[PDB]
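For reference, the chain that follows is the form deposited in one PDB entry, supplied as structure tokens.
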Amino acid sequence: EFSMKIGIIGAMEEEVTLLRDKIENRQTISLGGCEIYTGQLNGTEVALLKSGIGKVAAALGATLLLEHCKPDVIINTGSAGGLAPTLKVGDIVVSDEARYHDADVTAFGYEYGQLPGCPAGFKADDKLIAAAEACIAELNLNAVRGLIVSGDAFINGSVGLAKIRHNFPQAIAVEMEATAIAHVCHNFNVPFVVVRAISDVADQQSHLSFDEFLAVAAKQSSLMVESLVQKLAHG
């Protein structure tokens, strides 16, 4: 305790800003097109990286963060399109696993979503998940735990969504960085957990919904992250 460094990766300005503004003794390190904010969040040493959007940007960011700040665990936050029926805009999704919904080397006998040399899915850390569920209960928020899928496409209904629902009937949310981050953490053997807030249900109106509720998603994911850091650091 007291010597834990918690890594946090968010892709977009909005939520990252709220967390960034709350960092004490904040400093900014700009690298490979990424900004990394170091300091403490309510006492806990954190390293917050604003990655770009997409798998590669997230991978590049996650790799840089691991390499230069060597955080003990990684928390990926931000928005996501809710897929589980009980999810409403603002609700929380916690990954117990992450899979690429757009990876496909099945022609070679790999499981759909699986890339060669990688497990079909990347498992989030049990302690981190439990911690997150603890915060969820304590904050009295509605949330769902389960499989989160990533791809380099903003899902907006039509075939994008149906294909995902068909390939991963159990997926609770879809977004664009989670699995890339999980993938990099897996390779570095670093525990991770994805804690995002719903900004849309990835249907025909996901773009306007995203546009109108990105703010609330940022508010709720940031609140959860702040709460998770605290709980991970103490109790």
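Rigid core here is just the name for the largest C-alpha set that superposes within 1.5 Å across the two forms. Note that residue numbering follows the sequence shown and begins at 1.
Undergrad: Quick check on the record: does 123-131 or 110-118 carry the larger mean Cα temperature factor?
TA: The recorded data point to 123-131.
Undergrad: Could you check the entry and say whether 138-146 or 74-82 has the higher mean CA B-factor?
TA: Higher mean C-alpha B-factor: 138-146.
Undergrad: Return the residue from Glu177, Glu35, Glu45, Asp200 that has the highest Cα B-factor in the entry.
TA: That would be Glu35.
Undergrad: Highest Cα temperature factor in the entry, among the options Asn189, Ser30, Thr63, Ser51: which one is it?
TA: Across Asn189, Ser30, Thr63, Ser51, the entry lists the biggest C-alpha B-factor for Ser30.
Undergrad: C-alpha B factor of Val184, ranked within the chain: lowest, middle or highest third?
TA: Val184: CA B-factor falls in the lowest third of its chain.
Undergrad: By its CA B factor, does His166 count among the lowest, middle or highest third of the modelled residues in the chain?
TA: For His166, the deposited C-alpha B-factor lands in the middle third.
Undergrad: Mind checking which third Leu87 falls in for C-alpha B-factor across the chain?
TA: As the PDB entry reports it, the C-alpha B-factor of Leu87 lands in the highest third of its chain.
Another form, the form deposited in another entry, is not on view; read the next lines as being about it.
Undergrad: Once the two forms are fit on the core, has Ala47 moved its CA by at least 2 Å between the shown form and the other one?
TA: Comparing forms between the shown form and the other one, the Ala47 CA shifts below 2 Å.
Undergrad: Do you see a C-alpha shift of 2 Å or more at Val56 between the shown form and the other one, with the core held fixed?
TA: No: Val56 shifts by under 2 Å between the shown form and the other one.
Undergrad: Superposing on the rigid core, is the CA of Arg26 displaced by 2 Å or more between the shown form and the other one?
TA: Yes.
Undergrad: With a change of at least 3 Å, which way does the C-alpha separation between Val144 and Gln204 go in the other form: closer or farther?
TA: Closer: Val144 and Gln204 approach by 3 Å or more in the other form.
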